[PDB]
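Here the structure is laid out as structure tokens; the discussion comes afterwards.
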Number of protein chains: 2
Amino acid sequence: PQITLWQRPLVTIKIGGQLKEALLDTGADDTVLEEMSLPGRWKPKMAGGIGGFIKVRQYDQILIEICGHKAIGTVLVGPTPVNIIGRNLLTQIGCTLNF
Amino acid sequence: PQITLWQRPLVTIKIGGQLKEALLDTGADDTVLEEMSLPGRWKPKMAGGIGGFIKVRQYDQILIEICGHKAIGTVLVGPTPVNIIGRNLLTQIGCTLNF
Ligand SMILES: Cc1cccc(C)c1OCC(=O)N[C@@H](Cc1ccccc1)[C@@H](O)C[C@H](Cc1ccccc1)NC(=O)[C@H](C(C)C)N1CCCNC1=O
């Protein structure tokens, strides 16, 4: 689908058997999800946004189903205000900017 | 142009007679630019991303040329680590997401 940007580009993702709403975010290198129940081993990391840094849990090779399309990659989990889908997953679903 | 997301989507902007590189950011509501020389009256305002909030100077109706396309709108200037073009300008150059 083509998405215009008059609204926040919020899509429906399915991750860890759960349904969530996330923002397709071209300005993000990585995917960062709010505190949620995820299975597996992890490694502690920091993510540097606009106001500073947040301590997140890094999970590798996690499956997300973004708006009907499937991707497998790195997901960070931490105290972020919005669920962010970054470029590490957006490339896998073939997402492009167009103007 | 079509822009894929394997790299940061950086475009050349021209603002206030000057050339800068800015990130095309679907995950940003507003346009925020690194400390730079702009003419005009401003209003103090507060942008909050991941990790907290930054104090910015708000200018209304700044002309920006993004990758050859002209746009006029609100530009925030503050201690952002990256120049960010947000949806308030992205909508004006007919920028869409596609997958
Ligand atoms: C939401 C908003 C409203 C008004 C104005 C602005 C600029 C707004 O956006 C601010 C903002 O931080 N938006 C983020 C997503 C957002 C929306 C709403 C709330 C919080 C965040 C994201 O798109 C841009 C921002 C850019 C950046 C900052 C520092 C270093 C490098 C890049 N990118 C990042 O933080 C990403 C994260 C998300 C994985 N990131 C951080 C690790 C290094 N690389 C990287 O890519």
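Please note that chains go A, B, ... in the order of the structure tokens, that every chain numbers its residues from 1, and that ligands are numbered from 1 in the order shown.
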
Taking only C-alpha atoms into account, find every residue of chain B that has an atom no more than 8 Å from chain A, and write it out as a ChimeraX atom specification. /B:1-6,8-9,23-29,48-54,80-81,84,87-88,90-91,93-99

I'd like the superposed chain B, fitted onto chain A by least squares over all Cα atoms in order, as an mmCIF file with C-alpha atoms, in the first residue's frame.
data_model
loop_
_atom_site.group_PDB
_atom_site.id
_atom_site.type_symbol
_atom_site.label_atom_id
_atom_site.label_comp_id
_atom_site.auth_asym_id
_atom_site.auth_seq_id
_atom_site.Cartn_x
_atom_site.Cartn_y
_atom_site.Cartn_z
ATOM 1 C CA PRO B 1 -0.045 -0.041 0.079
ATOM 2 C CA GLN B 2 0.796 3.614 -0.474
ATOM 3 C CA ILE B 3 0.767 5.567 2.806
ATOM 4 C CA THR B 4 0.605 9.379 2.789
ATOM 5 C CA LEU B 5 1.916 11.431 5.706
ATOM 6 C CA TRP B 6 -0.959 13.748 6.696
ATOM 7 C CA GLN B 7 -1.385 11.450 9.712
ATOM 8 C CA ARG B 8 1.203 9.482 11.738
ATOM 9 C CA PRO B 9 2.004 6.377 9.605
ATOM 10 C CA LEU B 10 0.710 3.769 12.107
ATOM 11 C CA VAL B 11 0.465 0.142 11.071
ATOM 12 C CA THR B 12 -0.745 -2.977 12.828
ATOM 13 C CA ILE B 13 2.138 -5.287 13.824
ATOM 14 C CA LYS B 14 2.007 -8.789 15.240
ATOM 15 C CA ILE B 15 4.927 -9.619 17.517
ATOM 16 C CA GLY B 16 5.317 -12.441 20.071
ATOM 17 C CA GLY B 17 1.752 -13.647 19.532
ATOM 18 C CA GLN B 18 0.421 -10.091 20.208
ATOM 19 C CA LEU B 19 -1.081 -7.228 18.232
ATOM 20 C CA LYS B 20 0.352 -3.710 18.529
ATOM 21 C CA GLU B 21 0.296 -0.397 16.611
ATOM 22 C CA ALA B 22 3.656 0.871 15.412
ATOM 23 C CA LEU B 23 4.882 3.905 13.585
ATOM 24 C CA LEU B 24 6.649 3.362 10.220
ATOM 25 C CA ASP B 25 9.801 5.312 10.863
ATOM 26 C CA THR B 26 12.234 6.175 8.036
ATOM 27 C CA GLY B 27 14.184 8.281 10.549
ATOM 28 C CA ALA B 28 14.918 5.274 12.783
ATOM 29 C CA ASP B 29 17.887 2.950 12.152
ATOM 30 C CA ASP B 30 16.446 0.403 14.558
ATOM 31 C CA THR B 31 13.046 -0.939 15.661
ATOM 32 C CA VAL B 32 12.090 -0.013 19.219
ATOM 33 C CA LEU B 33 9.044 -1.306 21.019
ATOM 34 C CA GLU B 34 7.270 -0.352 24.238
ATOM 35 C CA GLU B 35 7.669 -2.575 27.302
ATOM 36 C CA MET B 36 6.217 -5.949 26.290
ATOM 37 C CA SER B 37 6.403 -9.688 26.925
ATOM 38 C CA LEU B 38 9.015 -11.297 24.624
ATOM 39 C CA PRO B 39 10.599 -14.742 24.844
ATOM 40 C CA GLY B 40 14.340 -15.322 24.420
ATOM 41 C CA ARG B 41 17.813 -14.393 25.664
ATOM 42 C CA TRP B 42 18.784 -10.689 25.433
ATOM 43 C CA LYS B 43 21.765 -8.295 25.504
ATOM 44 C CA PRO B 44 21.662 -4.814 27.216
ATOM 45 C CA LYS B 45 22.115 -1.871 24.797
ATOM 46 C CA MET B 46 21.575 1.882 24.629
ATOM 47 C CA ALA B 47 19.461 3.792 22.060
ATOM 48 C CA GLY B 48 19.856 7.544 21.749
ATOM 49 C CA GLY B 49 17.407 9.909 20.110
ATOM 50 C CA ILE B 50 16.416 13.536 20.609
ATOM 51 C CA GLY B 51 16.722 14.541 24.273
ATOM 52 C CA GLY B 52 18.992 11.649 25.254
ATOM 53 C CA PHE B 53 19.430 7.950 25.713
ATOM 54 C CA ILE B 54 17.229 5.007 26.859
ATOM 55 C CA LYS B 55 18.335 1.639 28.240
ATOM 56 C CA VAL B 56 16.821 -1.175 26.160
ATOM 57 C CA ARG B 57 16.882 -4.993 25.973
ATOM 58 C CA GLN B 58 18.091 -6.208 22.587
ATOM 59 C CA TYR B 59 16.551 -9.350 20.962
ATOM 60 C CA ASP B 60 17.946 -10.783 17.665
ATOM 61 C CA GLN B 61 15.852 -12.492 14.998
ATOM 62 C CA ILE B 62 12.342 -11.678 16.213
ATOM 63 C CA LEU B 63 9.586 -12.415 13.714
ATOM 64 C CA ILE B 64 7.264 -9.418 13.160
ATOM 65 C CA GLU B 65 4.274 -9.173 10.822
ATOM 66 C CA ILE B 66 3.962 -5.597 9.603
ATOM 67 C CA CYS B 67 0.723 -4.869 7.759
ATOM 68 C CA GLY B 68 0.569 -8.531 6.574
ATOM 69 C CA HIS B 69 4.267 -8.702 5.528
ATOM 70 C CA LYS B 70 6.699 -10.910 7.448
ATOM 71 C CA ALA B 71 10.135 -9.751 8.628
ATOM 72 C CA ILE B 72 12.808 -11.215 10.984
ATOM 73 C CA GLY B 73 15.316 -9.041 12.844
ATOM 74 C CA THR B 74 16.657 -7.146 15.839
ATOM 75 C CA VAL B 75 13.921 -5.688 18.077
ATOM 76 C CA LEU B 76 14.778 -3.376 20.981
ATOM 77 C CA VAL B 77 12.418 -3.306 23.975
ATOM 78 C CA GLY B 78 12.577 -0.258 26.261
ATOM 79 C CA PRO B 79 10.721 2.721 27.785
ATOM 80 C CA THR B 80 9.986 4.300 24.373
ATOM 81 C CA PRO B 81 6.787 6.422 24.280
ATOM 82 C CA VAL B 82 5.808 4.987 20.827
ATOM 83 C CA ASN B 83 6.342 1.682 19.020
ATOM 84 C CA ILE B 84 8.819 2.404 16.207
ATOM 85 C CA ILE B 85 9.568 0.183 13.167
ATOM 86 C CA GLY B 86 13.020 1.233 11.926
ATOM 87 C CA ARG B 87 14.951 0.737 8.696
ATOM 88 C CA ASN B 88 16.296 -2.668 9.750
ATOM 89 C CA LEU B 89 12.770 -4.045 9.325
ATOM 90 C CA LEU B 90 11.469 -1.516 6.801
ATOM 91 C CA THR B 91 13.972 -2.689 4.156
ATOM 92 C CA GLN B 92 12.645 -6.245 4.543
ATOM 93 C CA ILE B 93 9.035 -5.433 3.646
ATOM 94 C CA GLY B 94 10.184 -3.433 0.566
ATOM 95 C CA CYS B 95 9.321 -0.094 2.111
ATOM 96 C CA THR B 96 10.345 2.974 -0.006
ATOM 97 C CA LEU B 97 9.940 6.770 0.093
ATOM 98 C CA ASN B 98 8.400 8.441 -2.968
ATOM 99 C CA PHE B 99 7.979 12.074 -4.037
#

As a VMD selection string, list the residues of chain B assigned to strand (DSSP E or B) by DSSP on the backbone atoms of this structure. chain B and resid 2 to 3 10 to 15 18 to 24 31 to 33 43 to 49 52 to 66 69 to 77 84 to 85 96 to 98

Take the residues that were just selected and, keeping N, CA and C atoms, output them as a short mmCIF file (atom, residue, chain, number, x, y, z; two decimals), in the first residue's frame.
data_model
loop_
_atom_site.label_atom_id
_atom_site.label_comp_id
_atom_site.auth_asym_id
_atom_site.auth_seq_id
_atom_site.Cartn_x
_atom_site.Cartn_y
_atom_site.Cartn_z
N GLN B 2 12.45 7.75 -6.10
CA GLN B 2 12.22 6.71 -5.13
C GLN B 2 13.46 6.56 -4.26
N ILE B 3 13.29 6.51 -2.94
CA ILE B 3 14.40 6.35 -2.02
C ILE B 3 14.20 5.11 -1.18
N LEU B 10 19.03 10.54 3.54
CA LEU B 10 19.56 11.90 3.66
C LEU B 10 19.41 12.66 2.37
N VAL B 11 18.80 13.83 2.42
CA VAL B 11 18.66 14.66 1.25
C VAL B 11 19.31 16.02 1.46
N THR B 12 19.64 16.68 0.36
CA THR B 12 20.21 18.01 0.44
C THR B 12 19.11 19.07 0.53
N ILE B 13 19.12 19.84 1.62
CA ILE B 13 18.14 20.93 1.80
C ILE B 13 18.83 22.27 1.56
N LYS B 14 18.06 23.29 1.21
CA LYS B 14 18.58 24.64 1.21
C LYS B 14 17.66 25.50 2.05
N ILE B 15 18.19 25.99 3.16
CA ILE B 15 17.43 26.78 4.12
C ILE B 15 18.22 28.03 4.52
N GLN B 18 21.48 28.66 2.90
CA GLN B 18 22.54 27.67 3.21
C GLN B 18 22.17 26.25 2.84
N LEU B 19 23.20 25.44 2.59
CA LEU B 19 23.01 24.05 2.19
C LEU B 19 23.28 23.16 3.37
N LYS B 20 22.35 22.25 3.67
CA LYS B 20 22.52 21.25 4.73
C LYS B 20 22.06 19.88 4.27
N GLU B 21 22.49 18.83 4.98
CA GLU B 21 21.92 17.47 4.78
C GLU B 21 20.91 17.12 5.87
N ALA B 22 19.74 16.66 5.46
CA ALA B 22 18.70 16.34 6.42
C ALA B 22 18.11 14.98 6.14
N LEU B 23 17.62 14.37 7.20
CA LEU B 23 17.08 13.04 7.15
C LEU B 23 15.58 13.12 6.82
N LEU B 24 15.09 12.35 5.85
CA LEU B 24 13.64 12.35 5.58
C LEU B 24 12.93 11.46 6.61
N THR B 31 9.69 19.31 11.75
CA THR B 31 11.03 19.47 11.21
C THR B 31 11.95 20.10 12.24
N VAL B 32 13.04 19.43 12.59
CA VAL B 32 13.98 20.01 13.54
C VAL B 32 15.38 20.07 12.96
N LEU B 33 16.00 21.23 13.09
CA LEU B 33 17.29 21.47 12.49
C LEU B 33 18.34 21.85 13.52
N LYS B 43 9.45 31.84 18.73
CA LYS B 43 8.67 31.53 19.93
C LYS B 43 9.30 30.27 20.56
N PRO B 44 9.65 30.32 21.87
CA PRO B 44 10.22 29.13 22.56
C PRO B 44 9.22 27.97 22.68
N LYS B 45 9.71 26.74 22.49
CA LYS B 45 8.87 25.54 22.39
C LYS B 45 9.76 24.36 22.76
N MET B 46 9.12 23.19 22.91
CA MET B 46 9.74 22.04 23.57
C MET B 46 9.44 20.75 22.79
N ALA B 47 10.45 20.20 22.11
CA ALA B 47 10.22 18.93 21.38
C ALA B 47 10.72 17.72 22.17
N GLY B 48 9.87 16.70 22.27
CA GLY B 48 10.25 15.50 23.00
C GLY B 48 10.29 14.22 22.20
N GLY B 49 11.47 13.63 22.10
CA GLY B 49 11.60 12.33 21.47
C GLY B 49 11.91 11.22 22.46
N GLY B 52 13.90 11.92 26.12
CA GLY B 52 13.54 13.20 26.71
C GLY B 52 13.22 14.37 25.79
N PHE B 53 13.43 15.56 26.32
CA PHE B 53 12.93 16.76 25.70
C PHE B 53 14.05 17.78 25.42
N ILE B 54 13.97 18.49 24.29
CA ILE B 54 14.95 19.55 23.97
C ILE B 54 14.28 20.90 23.80
N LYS B 55 14.94 21.95 24.27
CA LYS B 55 14.39 23.31 24.12
C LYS B 55 14.81 23.84 22.75
N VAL B 56 13.81 24.24 21.97
CA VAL B 56 14.02 24.71 20.60
C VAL B 56 13.42 26.09 20.35
N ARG B 57 13.88 26.76 19.30
CA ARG B 57 13.33 28.04 18.87
C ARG B 57 12.42 27.74 17.70
N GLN B 58 11.16 28.13 17.79
CA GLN B 58 10.23 27.87 16.68
C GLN B 58 10.07 29.04 15.67
N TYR B 59 10.35 28.77 14.39
CA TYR B 59 10.10 29.75 13.31
C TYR B 59 8.97 29.26 12.39
N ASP B 60 8.02 30.15 12.08
CA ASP B 60 6.87 29.84 11.20
C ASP B 60 7.10 30.35 9.78
N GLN B 61 6.69 29.53 8.81
CA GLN B 61 6.78 29.92 7.41
C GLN B 61 8.19 30.10 6.86
N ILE B 62 9.12 29.23 7.25
CA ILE B 62 10.42 29.18 6.59
C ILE B 62 10.36 28.41 5.26
N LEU B 63 10.95 29.01 4.23
CA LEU B 63 11.09 28.36 2.94
C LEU B 63 12.28 27.39 2.96
N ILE B 64 12.01 26.11 2.67
CA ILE B 64 13.06 25.10 2.51
C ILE B 64 12.95 24.43 1.15
N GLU B 65 14.08 24.25 0.48
CA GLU B 65 14.15 23.44 -0.73
C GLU B 65 14.68 22.05 -0.42
N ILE B 66 13.81 21.05 -0.55
CA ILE B 66 14.20 19.69 -0.23
C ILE B 66 14.32 18.94 -1.53
N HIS B 69 12.58 20.43 -4.44
CA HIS B 69 11.17 20.77 -4.23
C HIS B 69 11.02 21.79 -3.12
N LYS B 70 10.22 22.83 -3.38
CA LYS B 70 10.01 23.92 -2.44
C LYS B 70 8.88 23.64 -1.47
N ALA B 71 9.07 24.06 -0.21
CA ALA B 71 8.09 23.91 0.85
C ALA B 71 8.20 25.13 1.79
N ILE B 72 7.09 25.51 2.44
CA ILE B 72 7.09 26.62 3.41
C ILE B 72 6.41 26.14 4.69
N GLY B 73 7.07 26.27 5.83
CA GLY B 73 6.45 25.84 7.07
C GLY B 73 7.27 26.08 8.32
N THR B 74 6.73 25.59 9.44
CA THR B 74 7.36 25.62 10.75
C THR B 74 8.66 24.81 10.79
N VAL B 75 9.75 25.48 11.17
CA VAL B 75 11.06 24.86 11.36
C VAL B 75 11.50 25.13 12.79
N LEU B 76 11.83 24.06 13.52
CA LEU B 76 12.37 24.16 14.87
C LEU B 76 13.90 24.10 14.84
N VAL B 77 14.55 25.04 15.52
CA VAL B 77 16.00 25.02 15.63
C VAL B 77 16.41 24.73 17.07
N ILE B 84 16.35 16.94 10.81
CA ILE B 84 15.21 16.08 10.60
C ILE B 84 14.12 16.83 9.82
N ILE B 85 13.72 16.34 8.65
CA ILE B 85 12.55 16.88 7.95
C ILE B 85 11.34 16.05 8.35
N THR B 96 5.54 10.09 0.03
CA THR B 96 4.71 8.91 0.41
C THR B 96 5.57 7.70 0.84
N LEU B 97 4.98 6.79 1.61
CA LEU B 97 5.62 5.50 1.87
C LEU B 97 4.99 4.44 0.97
N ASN B 98 5.79 3.46 0.55
CA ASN B 98 5.33 2.48 -0.43
C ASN B 98 5.95 1.13 -0.18
#

Just list as an MDAnalysis selection string whatever in stretch 3-95 of chain B DSSP marks as alpha helix (DSSP H). chainID B and resid 87:90
